[PDB]
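Written out below as structure tokens is the structure these notes cover.
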Amino acid sequence: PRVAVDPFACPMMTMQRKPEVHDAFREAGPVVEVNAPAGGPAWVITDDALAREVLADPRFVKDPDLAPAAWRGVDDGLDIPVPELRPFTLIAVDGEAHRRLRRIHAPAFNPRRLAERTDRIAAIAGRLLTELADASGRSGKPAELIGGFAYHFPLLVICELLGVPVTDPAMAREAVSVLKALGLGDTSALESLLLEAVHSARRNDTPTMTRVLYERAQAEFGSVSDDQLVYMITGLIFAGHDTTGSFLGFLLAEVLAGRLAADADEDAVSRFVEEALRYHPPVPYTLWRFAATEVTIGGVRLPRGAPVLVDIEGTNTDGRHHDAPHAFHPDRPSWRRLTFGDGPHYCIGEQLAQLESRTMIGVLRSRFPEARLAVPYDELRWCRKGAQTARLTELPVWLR
Ligand code: HEM
Ligand SMILES: COc1cccc2c1C(=O)c1c(O)c3c(c(O)c1C2=O)C[C@@](O)(C(C)=O)C[C@@H]3O[C@H]1C[C@H](N)[C@H](O)[C@H](C)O1
């Protein structure tokens, strides 16, 4: 069954709607052929249970050399490092080389080590929000939280966790996007900061995020160069703030639309964040996978080399398994989602994103209890192009 469309097609959206291709795909069946953006066929998985099988099947590999020749330098979302850096990029390998990187990265997201930074995370959020409110005091204009908070906050957090002291969040976001795009196929001020974080960790037993990465990497590789560690934390910084800042704009919009009870205990906050995660996934599809061998799944025989996507955004809003999927219901069955992926490549950073989301909400409820939208929720719009994360066009709010 085939639907001759680009699955990344996305017009301007309201808060409530999801693009129509998701329904078109799902009605066609569990495994649908589509027009890959960079040329040739591709296949979308539209059922949650079969998606979880695909993501756990060793025959669907990340290996980007298996991508069609035409895509190189063309496809928006082809992650292809130079072959010498692939062993150091979590998203480009599978099997033993991948478990090696997983063993190095997991202790960096230790829940106790992360929780020790809670106050610091709340301080960063508090400062950013206070200056935005004061700026509104001065100007008589609303604060724009997408440009002013959503990306700045997680970027400042991850940099501080890695020991990279950042002074200009906007400029650091620009600079790390250049390096990220080079690594996956003026930044010198940022490069010096990362190299310094790496020097400091090689020299001090202070158990920063960069130090645990270095200790484990040195153990797993015998020897690791500064360039290889800089390249790895560059990856964490991008992944650590782009998906998160896109999602935080949606979470902020739901909180300020008044949908959270003012008496909410920690369980209720958790259920609210989970429902935001089901309802507003930043990443609509999993990263490209390729059949390393001919595989027959969901009744469809897939050829060797078949590009395969799991539909995160569609399965998250599938009416066969969610009651009123396009309505925001914190107290629904807090239940299955693919917002963070599944299987061996499940998001290693999820713990940090959950801590940041709770902490942000706590700073808002405590110090900005009257914050609210400055436009109606029905006037909010979001979009995405190609392979980038979904994001709101703007989020004007009165913080006080
Ligand atoms: C709300 C925030 C986030 C969302 C929605 C999200 C989503 C995802 C998804 C969907 C994947 C798997 C993609 C695939 O297998 O096709 C993934 C993997 C990953 N994420 Fe997250 N992510 C978030 C936050 C973070 C943060 C804060 C970090 C680090 C600071 C991070 C680092 C990573 C890394 C390194 C991987 C690769 C894991 C692997 O391939 O083994 N993410 N994420
Ligand atoms: C020098 O870059 C790296 C070096 C080593 C490891 C890494 C990276 C890296 O850049 C990187 C990422 O950029 C991303 C991720 C990641 O794990 C890494 C590394 O591990 C995770 C991510 O794909 C998802 C889906 O959450 C988001 C993000 O991808 C970007 C590009 C994707 N194609 C997609 O557009 C996504 C939304 O943003």
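In the structure tokens, each chain is lettered A, B, ... as it comes, each chain's residues begin at 1, and ligands are numbered from 1 in order of appearance.
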Which residues are close to residue 182 (chain A), i.e. within 10 Å by only C-alpha atoms, leaving aside same-chain residues fewer than 4 positions away? Reply as a count of residues only.
6
Proximity check chain A to ligand 1, 7 Å, nearest pairs one decimal Å, only C-alpha atoms and all ligand atoms, as a Markdown table:
| residue | atom | partner | partner_atom_place_in_ligand_line | distance |
| --- | --- | --- | --- | --- |
| A:90 | CA | ligand 1 | 40 (O) | 4.5 |
| A:91 | CA | ligand 1 | 40 (O) | 4.0 |
| A:98 | CA | ligand 1 | 41 (O) | 6.9 |
| A:102 | CA | ligand 1 | 41 (O) | 6.3 |
| A:158 | CA | ligand 1 | 30 (C) | 6.3 |
| A:235 | CA | ligand 1 | 35 (C) | 6.9 |
| A:236 | CA | ligand 1 | 30 (C) | 4.9 |
| A:237 | CA | ligand 1 | 30 (C) | 6.1 |
| A:239 | CA | ligand 1 | 31 (C) | 4.7 |
| A:240 | CA | ligand 1 | 30 (C) | 3.2 |
| A:241 | CA | ligand 1 | 27 (C) | 6.1 |
| A:243 | CA | ligand 1 | 3 (C) | 4.8 |
| A:244 | CA | ligand 1 | 2 (C) | 3.9 |
| A:247 | CA | ligand 1 | 1 (C) | 5.4 |
| A:281 | CA | ligand 1 | 5 (C) | 6.0 |
| A:282 | CA | ligand 1 | 5 (C) | 5.5 |
| A:283 | CA | ligand 1 | 10 (C) | 6.0 |
| A:286 | CA | ligand 1 | 16 (O) | 3.4 |
| A:287 | CA | ligand 1 | 16 (O) | 3.6 |
| A:288 | CA | ligand 1 | 16 (O) | 6.6 |
| A:338 | CA | ligand 1 | 10 (C) | 6.9 |
| A:339 | CA | ligand 1 | 10 (C) | 5.3 |
| A:340 | CA | ligand 1 | 10 (C) | 3.8 |
| A:341 | CA | ligand 1 | 10 (C) | 4.2 |
| A:342 | CA | ligand 1 | 15 (O) | 6.8 |
| A:344 | CA | ligand 1 | 41 (O) | 6.2 |
| A:345 | CA | ligand 1 | 41 (O) | 3.5 |
| A:346 | CA | ligand 1 | 12 (C) | 5.1 |
| A:347 | CA | ligand 1 | 18 (C) | 3.5 |
| A:348 | CA | ligand 1 | 33 (C) | 5.0 |
| A:349 | CA | ligand 1 | 28 (C) | 3.5 |
| A:350 | CA | ligand 1 | 24 (C) | 5.2 |
| A:352 | CA | ligand 1 | 27 (C) | 5.2 |
| A:353 | CA | ligand 1 | 27 (C) | 4.7 |
Find the residues near residue 303 (chain A): any atom within 9 Å, counting only C-alpha atoms, skip ones fewer than 5 places away on the same chain, and give them as a ChimeraX atom specification.
/A:291-296
Here CA of residue 305 (chain A) and CA of residue 68 (chain A) stand apart by 7.9 Å
Quick one: residues within 7 Å of region 368-376 of chain A, only C-alpha atoms, excluding same-chain residues fewer than 2 positions away - as a PyMOL selection string?
chain A and resi 142+256-257+364-366+378-379+396-400
Expected file: the selected residues, C-alpha atoms, as an mmCIF file, in the first residue's frame:
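Result file follows (part32.cif):
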data_model
loop_
_atom_site.group_PDB
_atom_site.id
_atom_site.type_symbol
_atom_site.label_atom_id
_atom_site.label_comp_id
_atom_site.auth_asym_id
_atom_site.auth_seq_id
_atom_site.Cartn_x
_atom_site.Cartn_y
_atom_site.Cartn_z
ATOM 1 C CA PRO A 142 4.819 40.903 26.314
ATOM 2 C CA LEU A 256 0.137 29.147 30.871
ATOM 3 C CA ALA A 257 -3.145 28.291 29.180
ATOM 4 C CA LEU A 364 6.808 29.302 37.420
ATOM 5 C CA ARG A 365 4.253 28.251 40.039
ATOM 6 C CA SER A 366 6.297 29.625 42.926
ATOM 7 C CA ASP A 378 -6.324 29.215 19.639
ATOM 8 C CA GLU A 379 -4.125 31.827 17.988
ATOM 9 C CA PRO A 396 3.898 35.990 23.902
ATOM 10 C CA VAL A 397 3.154 35.970 27.651
ATOM 11 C CA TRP A 398 2.660 38.348 30.573
ATOM 12 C CA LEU A 399 4.863 36.853 33.295
ATOM 13 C CA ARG A 400 3.342 39.070 36.036
#
Just the residues within 7 Å of residue 391 (chain A), please, counting only C-alpha atoms, with nothing from its chain fewer than 4 positions along; format it as a PyMOL selection string.
chain A and resi 246+382-384
Residues within 10 Å of region 262-279 of chain A, please, as an NGL selection string. Count only C-alpha atoms; anything in the same chain fewer than 3 positions from it doesn't count.
:A and (15-18 or 247-248 or 250-255 or 258-259 or 282 or 312-313 or 315-317 or 325-340 or 354 or 357-358 or 361-362 or 365 or 369)
So which residues touch residue 227 (chain A) within 12 Å, counting only C-alpha atoms, skipping near sequence neighbours fewer than 6 positions away, as JSON, numbers by chain?
{"A": [84, 85, 88, 183, 191, 192, 194, 195, 196, 197, 198, 199, 214, 233, 234]}
Residues of the last selection are to be written out with N, CA, C and O atoms, as a CSV table (one decimal), in the first residue's frame.
chain,number,residue,atom,x,y,z
A,84,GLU,N,35.8,8.0,10.4
A,84,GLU,CA,36.6,7.9,11.6
A,84,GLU,C,35.9,8.4,12.8
A,84,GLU,O,36.4,8.1,13.9
A,85,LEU,N,34.9,9.2,12.7
A,85,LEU,CA,34.1,9.7,13.8
A,85,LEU,C,32.9,8.9,14.1
A,85,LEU,O,32.2,9.0,15.1
A,88,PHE,N,32.3,7.2,17.4
A,88,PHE,CA,32.1,8.1,18.5
A,88,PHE,C,30.7,8.8,18.4
A,88,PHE,O,30.5,9.8,19.1
A,183,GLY,N,29.8,18.0,11.9
A,183,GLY,CA,30.1,16.6,12.4
A,183,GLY,C,29.2,15.6,11.8
A,183,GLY,O,29.7,14.4,11.6
A,191,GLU,N,34.6,26.5,20.4
A,191,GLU,CA,35.5,25.4,20.3
A,191,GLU,C,36.5,25.5,21.4
A,191,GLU,O,36.8,24.4,22.1
A,192,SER,N,37.0,26.7,21.7
A,192,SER,CA,37.9,26.8,22.8
A,192,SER,C,37.3,26.5,24.2
A,192,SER,O,38.0,25.9,25.0
A,194,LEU,N,34.9,24.3,24.7
A,194,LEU,CA,34.7,22.8,24.8
A,194,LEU,C,36.1,22.2,25.1
A,194,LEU,O,36.2,21.3,25.9
A,195,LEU,N,37.1,22.6,24.3
A,195,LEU,CA,38.4,22.0,24.5
A,195,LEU,C,38.9,22.3,26.0
A,195,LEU,O,39.5,21.4,26.6
A,196,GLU,N,38.5,23.4,26.5
A,196,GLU,CA,38.9,23.7,27.9
A,196,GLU,C,38.2,22.8,28.9
A,196,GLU,O,38.8,22.3,29.8
A,197,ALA,N,36.9,22.7,28.7
A,197,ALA,CA,36.1,21.7,29.5
A,197,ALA,C,36.8,20.3,29.5
A,197,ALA,O,36.9,19.6,30.5
A,198,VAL,N,37.3,19.9,28.3
A,198,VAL,CA,37.9,18.6,28.2
A,198,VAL,C,39.3,18.6,28.9
A,198,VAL,O,39.6,17.6,29.6
A,199,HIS,N,40.1,19.6,28.7
A,199,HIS,CA,41.3,19.7,29.5
A,199,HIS,C,41.1,19.6,31.0
A,199,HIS,O,41.8,18.9,31.7
A,214,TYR,N,34.9,11.1,30.1
A,214,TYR,CA,36.3,10.8,29.8
A,214,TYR,C,36.8,9.5,30.4
A,214,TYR,O,37.4,8.7,29.8
A,233,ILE,N,30.9,15.7,23.2
A,233,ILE,CA,30.1,16.6,24.0
A,233,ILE,C,29.4,17.6,23.1
A,233,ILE,O,28.3,18.1,23.5
A,234,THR,N,30.0,18.0,22.0
A,234,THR,CA,29.3,18.8,21.0
A,234,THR,C,28.0,18.1,20.6
A,234,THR,O,26.9,18.8,20.5
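Here CA of residue 216 (chain A) stands at a distance of 16.9 Å from CA of residue 161 (chain A).
Take the candidates A:121, A:230, A:9, A:67 and check each one against residue 388 (chain A) using only C-alpha atoms; the shortest distance goes to A:9.
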Point-to-point distance in Å for CA of residue 93 (chain A) and atom 24 (C, counted along the ligand's line) of ligand 2
14.5 Å
Strand (DSSP E or B) residues, from DSSP on the backbone, in region 93-339 of chain A, as an mmCIF file with N, CA, C and O atoms, in the first residue's frame:
data_model
loop_
_atom_site.group_PDB
_atom_site.id
_atom_site.type_symbol
_atom_site.label_atom_id
_atom_site.label_comp_id
_atom_site.auth_asym_id
_atom_site.auth_seq_id
_atom_site.Cartn_x
_atom_site.Cartn_y
_atom_site.Cartn_z
ATOM 1 N N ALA A 143 6.550 39.351 26.959
ATOM 2 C CA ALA A 143 7.767 38.569 26.777
ATOM 3 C C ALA A 143 7.538 37.469 25.739
ATOM 4 O O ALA A 143 6.472 36.840 25.692
ATOM 5 N N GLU A 144 8.532 37.255 24.884
ATOM 6 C CA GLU A 144 8.458 36.230 23.842
ATOM 7 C C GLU A 144 9.304 35.039 24.304
ATOM 8 O O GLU A 144 10.533 35.069 24.237
ATOM 9 N N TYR A 285 9.195 11.684 13.501
ATOM 10 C CA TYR A 285 9.576 10.333 13.090
ATOM 11 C C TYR A 285 10.920 9.959 13.709
ATOM 12 O O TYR A 285 11.741 10.830 13.993
ATOM 13 N N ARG A 289 16.279 4.359 9.597
ATOM 14 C CA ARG A 289 16.834 3.019 9.703
ATOM 15 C C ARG A 289 16.787 2.347 8.335
ATOM 16 O O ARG A 289 15.974 2.705 7.477
ATOM 17 N N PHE A 290 17.668 1.363 8.128
ATOM 18 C CA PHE A 290 17.759 0.658 6.851
ATOM 19 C C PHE A 290 17.785 -0.851 7.058
ATOM 20 O O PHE A 290 18.467 -1.355 7.957
ATOM 21 N N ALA A 291 17.036 -1.574 6.225
ATOM 22 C CA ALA A 291 17.058 -3.029 6.288
ATOM 23 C C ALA A 291 18.404 -3.533 5.782
ATOM 24 O O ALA A 291 18.773 -3.288 4.629
ATOM 25 N N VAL A 295 13.642 -8.291 4.638
ATOM 26 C CA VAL A 295 12.859 -8.508 5.849
ATOM 27 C C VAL A 295 11.397 -8.419 5.473
ATOM 28 O O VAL A 295 11.002 -7.546 4.690
ATOM 29 N N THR A 296 10.598 -9.323 6.020
ATOM 30 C CA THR A 296 9.159 -9.338 5.811
ATOM 31 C C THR A 296 8.511 -9.000 7.142
ATOM 32 O O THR A 296 8.576 -9.789 8.091
ATOM 33 N N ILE A 297 7.906 -7.823 7.219
ATOM 34 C CA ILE A 297 7.328 -7.347 8.468
ATOM 35 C C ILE A 297 5.971 -6.728 8.155
ATOM 36 O O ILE A 297 5.806 -6.051 7.135
ATOM 37 N N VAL A 300 4.483 -7.021 4.612
ATOM 38 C CA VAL A 300 5.145 -6.371 3.486
ATOM 39 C C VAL A 300 6.585 -6.864 3.414
ATOM 40 O O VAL A 300 7.309 -6.861 4.420
ATOM 41 N N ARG A 301 6.998 -7.308 2.230
ATOM 42 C CA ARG A 301 8.380 -7.710 2.012
ATOM 43 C C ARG A 301 9.200 -6.469 1.703
ATOM 44 O O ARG A 301 8.969 -5.804 0.686
ATOM 45 N N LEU A 302 10.151 -6.149 2.587
ATOM 46 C CA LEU A 302 10.985 -4.968 2.427
ATOM 47 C C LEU A 302 12.310 -5.369 1.810
ATOM 48 O O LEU A 302 12.932 -6.347 2.259
ATOM 49 N N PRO A 307 14.603 2.218 3.333
ATOM 50 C CA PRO A 307 14.553 3.244 4.390
ATOM 51 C C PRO A 307 13.225 3.182 5.142
ATOM 52 O O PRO A 307 12.153 3.222 4.528
ATOM 53 N N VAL A 308 13.304 3.103 6.477
ATOM 54 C CA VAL A 308 12.150 2.843 7.339
ATOM 55 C C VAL A 308 12.061 3.908 8.435
ATOM 56 O O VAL A 308 13.062 4.196 9.104
ATOM 57 N N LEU A 309 10.853 4.469 8.629
ATOM 58 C CA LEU A 309 10.536 5.437 9.677
ATOM 59 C C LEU A 309 9.451 4.885 10.595
ATOM 60 O O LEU A 309 8.501 4.250 10.128
ATOM 61 N N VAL A 310 9.587 5.111 11.904
ATOM 62 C CA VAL A 310 8.474 4.910 12.831
ATOM 63 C C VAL A 310 7.736 6.237 12.978
ATOM 64 O O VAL A 310 8.364 7.290 13.183
ATOM 65 N N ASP A 311 6.404 6.204 12.861
ATOM 66 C CA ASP A 311 5.606 7.431 12.971
ATOM 67 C C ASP A 311 5.356 7.724 14.447
ATOM 68 O O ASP A 311 4.403 7.212 15.041
#
Let's see if you can do this: from backbone DSSP, list all helix (DSSP H, G or I) residues in region 29-216 of chain A, as a PyMOL selection string.
chain A and resi 48-56+64-66+69-71+86-88+90-92+95-109+111-115+118-139+145-150+152-162+169-183+188-203+209-216
